[PDB]
């Protein structure tokens, strides 16, 4: 009645309608959400329970609350601020709860134990822009006791946009030991919702694969346990829904959620984000592959299926498809009009008083496998942006430069020679001294001393220039490129860089993208034994446009991933 399901085919259009005229119908739809019934919240309001509430205004409805076994002689001991929430035809599939307080750490663990949960989803950083969102309810290492549950940290994996912690739980008296994994999403912005859903969707895939299909409810929490917690739940429930059903009903599911916990999906932006994520999720399907299945996967990609006129490989690639960059005074600072950094990931320079746009360089921060901003992807310097380049490196503590083009190819200038060789150069406040030049079969290593003139300080800069990329196409073997990636990264650890690796070719998307793609993929193969090239590329394209420009480029990443598996 009045807000019917949306077939996954119309999801595109529907979303754009809601978003029309600065999200006017989204807003009217959202404001109309109403479970339309009266709840009570007596337990949350017990005097003894009020300090167990992180926010006095975010309570637990009586009828859907999670009820803990009482502790003999302790009034109020059945209470936690938490409610069951439904998934798609999955009753009480989730527990939505606040981020635990020091005084409720024991309650939270006892909840996990008694509810037989195997998975915790933490939708927040402990602190975000100074403000504490959640206190740390788990041990730094080893075993800690909370109430009567002993929680042991077995393992910590920590990656660019989330962390996974593995725990063992043991209540005293029983030999029972239970395993629980906490997935912590670390990339939700301090303000608003994520610009793109791709990190969250990969986060969600992790969670779902780890969660055993016979456990109790997934425990989900942010700060209040309503806002991001809500988005996680709806997105998941709708991805479940579309397996047997091929329609989406966000409106309907948020409505059901509101009858279970106050405020689920707390902002319009969150409501919008849910639609964007679900939109992107129907877009790709599963592209992740176990190492053992890689070759077969590749072989399958290599065929022209009955029905299609192109390869599966090229069909997969097809599915992958600017304020400052435009300011008139920065327009000469771009090699190509149509290759610009996004505002949100652009690498801004320290502004220089009295020259507008001297905060601009065509460059973009890019996350790695383990850490965010592990790369800057930028174009080959122009004679006119050379100075800017050197300052970007200094200001951003980048001391490794990967150049993926010859200065000239196919009788065109690809890159200006932005480095000195015969003698020292001064590029503005920076003195760069050429220290050595190593000619390897497939690349050249150049080493520079860079001295800040202003304060006499100094850093070593190393530049790796790969010289074996064919001027048309892509390498026939990934061997040399693999070794190259290896060398750049050895050199990173060996001389303890914290800073990003700055990577460029000519426009700084194609080969640049392949380099960054493989740097991520090959480490993920080492540590997970899975590969997902498509999602890696998809991700890069959330931070810089057109990363991995061509089909052959895309295919090469597969090729190199394959050969690397070979060793």
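The residues of chain A that appear here are 1368-1688, 1697-1942 by Swiss-Prot count, in order.
Looking at the header, which is where the method is noted, we find X-ray crystallography, 2.1 Å.
Each residue, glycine too, has its Cβ placed from N, Cα and C.
Taken straight from Swiss-Prot:
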BINDING   1557, 1589, 1590, 1591, 1592, 1593, 1594, 1595, 1633  substrate binding site
ACT_SITE  1589  active site, phosphocysteine intermediate
ACT_SITE  1880  active site, phosphocysteine intermediate
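Positions of Swiss-Prot features highlighted on the structure.
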residue	record	DSSP class
1557	substrate binding site	coil
1589	active site, phosphocysteine intermediate	coil
1594	substrate binding site	coil
1633	substrate binding site	coil
1880	active site, phosphocysteine intermediate	coil
Checklist entry - In this structure, which of the binding-site residues 1592, 1594 has the fewest other Cβ atoms within 10 Å of its Cβ? => result 1594
Checklist entry - What Cα-Cα separation, expressed in whole Å, is found between residue 1557 (substrate binding site) and residue 1589 (active site, phosphocysteine intermediate)? => result 13
Checklist entry - Unmodelled stretch of 8 residues from residue 1688 to residue 1697; how many angstrom between the C-alpha atoms? => result 18
Checklist entry - Non-local Cβ contacts of residue 1590 (substrate binding site) (under 8 Å, 6 or more apart, same chain)? => result 1421, 1465, 1466, 1491, 1500, 1501
Item to check | Nearest-integer angstrom distance between the alpha carbons (Cα) of residue 1594 (substrate binding site) and residue 1880 (active site, phosphocysteine intermediate) | outcome: 42
Checklist outcome for this item: residue 1880 (active site, phosphocysteine intermediate) and residue 1589 (active site, phosphocysteine intermediate), compared by Cα position, are separated in whole Å by 41
Checklist entry - Given the substrate binding site residues 1557, 1589, 1590, 1591, 1592, 1593, 1594, 1595, 1633 in the record, what is the largest Cα to Cα distance, rounded to whole Å? => result 16
Next on the checklist: Validating a neighbour-count step here. Other CB atoms within 10 A of the CB of residue 1633 (substrate binding site): how many?
Outcome noted: 18
Item to check | Pairwise Cα distance for residue 1633 (substrate binding site)/residue 1589 (active site, phosphocysteine intermediate) [Å, integer] | outcome: 12
